[PDB]
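Summary of structural features
Read off the chains here:
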Amino acid sequence: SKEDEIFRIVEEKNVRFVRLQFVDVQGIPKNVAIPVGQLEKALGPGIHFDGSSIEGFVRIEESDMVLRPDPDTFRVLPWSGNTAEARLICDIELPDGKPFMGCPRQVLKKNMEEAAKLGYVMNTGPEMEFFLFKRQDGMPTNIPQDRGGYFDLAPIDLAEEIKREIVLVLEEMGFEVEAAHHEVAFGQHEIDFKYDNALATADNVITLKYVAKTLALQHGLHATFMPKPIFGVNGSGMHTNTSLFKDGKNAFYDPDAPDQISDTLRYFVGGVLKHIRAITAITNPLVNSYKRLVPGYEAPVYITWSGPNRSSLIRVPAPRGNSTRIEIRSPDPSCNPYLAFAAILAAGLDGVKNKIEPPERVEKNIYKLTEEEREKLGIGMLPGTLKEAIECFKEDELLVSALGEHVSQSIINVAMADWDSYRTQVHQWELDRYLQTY
Amino acid sequence: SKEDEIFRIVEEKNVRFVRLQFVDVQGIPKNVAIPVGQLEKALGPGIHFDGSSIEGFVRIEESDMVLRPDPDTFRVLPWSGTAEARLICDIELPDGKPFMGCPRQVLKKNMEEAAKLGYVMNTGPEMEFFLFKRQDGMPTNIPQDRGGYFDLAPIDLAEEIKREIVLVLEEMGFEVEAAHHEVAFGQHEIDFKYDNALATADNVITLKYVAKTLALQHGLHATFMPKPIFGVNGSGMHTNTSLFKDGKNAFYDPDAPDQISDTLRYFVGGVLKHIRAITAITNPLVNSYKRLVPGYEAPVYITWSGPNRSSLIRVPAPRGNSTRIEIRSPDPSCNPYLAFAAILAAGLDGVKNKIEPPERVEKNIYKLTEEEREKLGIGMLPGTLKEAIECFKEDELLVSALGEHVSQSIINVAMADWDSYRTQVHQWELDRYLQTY
Amino acid sequence: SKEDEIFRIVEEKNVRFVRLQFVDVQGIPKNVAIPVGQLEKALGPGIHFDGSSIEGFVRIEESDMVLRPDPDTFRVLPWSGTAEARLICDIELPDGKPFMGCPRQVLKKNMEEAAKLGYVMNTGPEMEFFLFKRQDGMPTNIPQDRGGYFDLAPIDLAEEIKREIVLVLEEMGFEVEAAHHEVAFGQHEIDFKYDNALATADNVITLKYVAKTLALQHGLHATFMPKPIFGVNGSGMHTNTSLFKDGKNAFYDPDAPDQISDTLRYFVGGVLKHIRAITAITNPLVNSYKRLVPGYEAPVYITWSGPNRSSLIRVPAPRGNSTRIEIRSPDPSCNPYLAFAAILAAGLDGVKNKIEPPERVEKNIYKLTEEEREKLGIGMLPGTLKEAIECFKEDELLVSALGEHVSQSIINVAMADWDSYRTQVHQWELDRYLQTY
Ligand SMILES: [Mg+2]
Ligand SMILES: [Mg+2]
Ligand SMILES: [Mg+2]
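Residues numbered from 1 in each chain as written, not as in the entry; some residues may be left out. Chains lettered and ligands numbered in written order. Part of a larger assembly, values for the part shown. Heavy atoms only, no water.

- For this coordinate set, the PDB header names X-ray crystallography as the determination method and states a resolution of 3.09 Å.

Observations concerning the coordination of the magnesium ion (ligand 3)
- Within the first shell, the magnesium ion (ligand 3) binds the protein through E182(C) (OE) and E189(C) (OE), at distances of 2.5 Å. Grouping residues by exposure puts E182(C) and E189(C) together as buried. (Donors = N, O, S within 2.8 Å, 3.2 Å for Na, K, Ca; no water. Buried < 20%, exposed > 50% of the residue type's maximum accessible area, 1.4 Å probe, protein only.)

Considerations on the interface of chain C and chain A
- In this complex, chain C contributes 34 residues to the contact, which on the side of chain A involves 31 residues.
- Of the roughly 2,800 Å² buried where chain C meets chain A, counting both sides, 59% is carbon and sulfur surface.
- Linking chain C with chain A are 6 salt bridges, by the criterion used here.
- Run the count over chain C and chain A and you get 8 residue pairs in polar contact.
- Only β1 (15-23), β2 (29-35), β3 (47-50) and α5 (197-217) of chain C provide two or more residues apiece to the side of chain C that touches chain A.
- With 7 residues, β2(C) is the single largest residue contributor to the side of chain C that touches chain A.
- Across the side of chain C that touches chain A, the residue classes break down as 15 nonpolar, 8 polar and 11 charged. (Contact = heavy atoms within 4.5 Å. Buried area = accessible area lost by both parts, 1.4 Å probe. Salt bridge = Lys/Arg side-chain N within 4 Å of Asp/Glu carboxyl O. Polar contact = N/O pair within 3.5 Å; in protein donor to acceptor, adjacent residues only side chain to side chain. Helix = DSSP H or I, 4+ residues; strand = E, 2+ residues; numbered from the N terminus. Nonpolar A, V, L, I, M, F, W, Y, C, P; charged D, E, K, R; others polar.)

Some points on the packing of helix α5 (residues 198-218) of chain A against helix α8 (residues 337-354) of chain A
Residue and element names in this part refer to chain A.
- Packing of α5 against α8 leaves a shortest axis separation of 9 Å and a crossing angle of 150°. Of the possible angle classes, the one that applies to α5 and α8 is roughly antiparallel. When the axes of α5 and α8 are compared, the crossing they make is right-handed. Each of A198, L199, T201, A202, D203, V205 and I206 in α5 lies in contact with α8, whose residues at this interface are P337, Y338 and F341.
- Residues of the contact of α5 with α8, tallied by class, amount to 8 nonpolar, 1 polar and 1 charged. (Axes fitted to C-alpha atoms, helices over the stretch in contact; angles between N-to-C directions. Parallel < 35°, antiparallel > 145°, perpendicular 65-115°, else oblique. Left-handed = near helix turned anticlockwise from the far one by under 90°.)

Comments concerning the packing of aromatic side chains
- The tally for this structure, following the rule as stated, stands at 43 aromatic pairs over all chains.
- A ring pair is formed by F130(B) and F132(B), whose centres lie 5.2 Å apart and whose planes are at 25°; its orientation type is stacked. For the pair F130(B) and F132(B), one class covers both residues: buried.
- Cluster of aromatic residues (ring-pair linked, three or more members): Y150(A), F151(A), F22(C), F49(C), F57(C) and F99(C).
- Here the guanidinium or amino end of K209(A) rests over the ring plane of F225(A), the centre of that ring lying 5.7 Å away.
- In this structure, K245(B) is placed above the aromatic ring of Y119(B), and the distance from its NZ or CZ to the ring centre is 5.1 Å. (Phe/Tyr/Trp six-rings, centres within 6.5 Å; stacked < 30°, edge-to-face > 60°. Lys NZ or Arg CZ within 6 Å of the ring centre and 35° of its normal.)

See below:
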């Protein structure tokens, strides 16, 4: 069985500790370290723990929970020197064996199972943008490690060595990396890995953030997936490439169709656009996410879909065949990948199941359009603030049902907690603008 | 004539310079210094100047304007040298036509419309302000002391400067009523007697001028910013208002319940009707809405009541020629000329059309639940500056009273501040997300 | 095939990453790092990427491009780790059509046109560059030493790093000819053997990459900026050029005077004809014209001569298969692909139409008077970057050879730099005028 190979690897690689990973609703990694002597117990009945101290999980009066590891996610952490360490991505179950409704990974699993009913397997291949910042007195800052730009090369790109270190580590963990390059903003970078099913890709996203932040710390740096850490430079975003597969073939490809795109592609897009306002509360979960998604500026805030036009929200790149896909450009890397993929799959399937026609394509540069011109074309915009998107998310009956009322309420609780604090704040901008004059 | 006494004062006090004061749409004082030899020219044909560089005035292609001083506003600045004086001015065009973008002219227009019905509006504002330290010649938001409400020295470290301000004000003709330390650190309040809206607005601009000037002489910075420090009280310009007709207080009616005339209730009904749009004038800054925060001890909930200090409109105890309402939503950063005009037009709309106000609310509105407020139908003010500007655009009455020119200037400056504020990355976001994400 | 040997090298040298190199219109190197597992995909269908964020490439609405590597350009970077390799790429569109904005494709096109007549252009540039100190991790313009021409240690403090660069270059297949300290402080020059224009341009981009990378490893900053220090020499990319037809040097003719063929003179006549417009390509920066200053020891005067090192075009002594002309006006900051293409098209226009060059000038052109230069009809290059861009707009031949797309990109970036440069208030102006005016 799978558990036999796990213990075979432990004896050979001399693994002495296993980390039992999972995420809260926010997507922040959590783990318990156990000696390898408890591994038999962890893979059997599971390791109990107190969930009342995890964000958006359970209450104090019913706090006992259980970690149910996923055997396939077993990897050895390469940065271990005598004394190795391994990790297991876990699901959360209740003491009675019932799956915990609030576990984000279980949510994606549920939505993937529903998609399997209809014969669809959603593949996702995200484009992770991130920043590398300096540390000052052991504390992270928002100072770029280099002042380079798009596709730049050393000596303008000062992070070639650490990016080479990150990619190598990932490959050692079974990743198939496709490309790595310096992004537009100062000290911004992008690592792209090969598409996979939603669950494996989500596990990979959480893993990549762990590896990136870890090695950056070893270099005296700080990696951050925050959407808009610096004002005046490009924000980091998570362009999510998506495609549906059915009967082993790309369900989005249809050679006998215009532009060689099937009606399934169009209906999937129609559903995603139909719910995009509510989805943004998931894919752009921070107050800071809307300082990148700002109306009226060079950002994918205008609800449109087009061909290879990189100013719309949903792009349809040139490749066809088994590479036919759609690129959703609104999400940013701070989102919970399990919940983001779940919300996109739910909306897209709602479009396929119900034959939701998408709007006309907009092959023009939407960024250079006038508000009057946008009104004539009926182009709407995404929520402007976090509170705006949460209100939109509350009303989407399909999304709340697809994510579960437990998860949905936790997302609303943490968001409105951040907002109620942010709206009361007095920022430096207000002093710099009014203090001398008034 | 008035001009003759002005020159009598000049020779006695040996005034050598005269400042020609006015304000842009934002309420910021503007002035030109002319030698006393040019005073005869100013009080006659006026002094020409360039209006293209004043906020919300005229374009570059038709920029020549004329300052027309109001002789009643002549005062000698008590900080001499080489004495100096000042004149508040109305802005006119070269052809003698009044410039309908001038805020002071706007108030004059709405008051003339009130005079058509025989009404004269009186106002008396409670001016809250902060006294902050200067660091390297630049102003800061550090309180000059760490005292509180009605505190006495040594806790109150600004007694000597408040004594100087009140003295200067009284020398300038003010009838000061009281001064005291306010709730927040280094916060204070000076109250002066009421007067007609035009007089009171001139007093408001003068008080800020006197307070800010003397604060500078003491190495401090007086600011009328609404919410300069997070976590402490904010500055609020409570505005007491009353209408007078045929010499008597139109808000008083001894034969009525609570001795409140129907003109009072109708006036309140109209103010509450337009209060969502008035807030763009009375609370014009982005920072204004860090004091007018929903769900906190702040006059955010649209209600009117008696002496209950938690409602938006308060009707204090005094009756007779002292009957008044107190509007507590404004803050000191508003343009007093525009704020009084917007309140006057809205209140007269209530009287003109007999707009019944909602039921009073004498309970503690701050301690009500969101569920309780919905049962009583209590609404809220705009939450942000954009929200209020959007409500101000749709108010056809207010835009017509203030004038399309002034209204457009207000919208332009507000959306300018907003488009800059909404794109900023603030420290709060880095403190909240940088370490974990 | 070539692809088979690439994978043979990968296994032996244990290469794990491959960089896909190219350049924007400005000549700045750009690359994408792909794991060696993706190399099979790159050499087949190619690697797609976004071209909207590359300078002077494509718009946002049609941004999907494809990198198509040239297998001949595969080299292993001698600074290993975890070995790394690189491939120079041509940019194509998703439909397989070549992107006519790609500078490397432009040179290819003009070379194909030269092949139509049986000509192959050869180039060998003399690369002058500076070695500067780093302060707080940022580059500076402080010379690493204070030495001069052909100076030896300890005066020359960059012997160890030049030894490293040449070693790396030779390991990358370069045939290095000589290296030495140049005139200015911390200035140096490395010369490598000539080759065809495409090969040599790849060598130029590689040399700057190797020089700048190793300089960083030693804590320095190598810069190919034309005039980074006022009062010392500037960096110049003398460009030796020759044409080959039927395997022999087309510029050599033993039966002719000075053993110079008519093809040589006609080629020179065409280059001089368009040299005012070529300068926008060969000297593309504002800073380029602080080295090309009229009235100083700099190749500014449009002339051609023999081995006289003061003319714009020099015909060195070697004949036979070494007959060449040396164009001394360019500087290292130019895009070598675009510079070689502009020179080729202009020279072929001279050969095609038999354009007679002006009389040679074998005297010291720098020591001539403005009066003397007018008698001989000697012209001058553009004085500023705007002057050269205006001359480049009117050159219908050059714009057609480089292509309307690349030409427009060049004009856009140049006028962008100029509109920013012309509005600046420089320190020189404050030093000259602030105290007295
Ligand atoms: Mg990107
Ligand atoms: Mg008070
Ligand atoms: Mg030389």
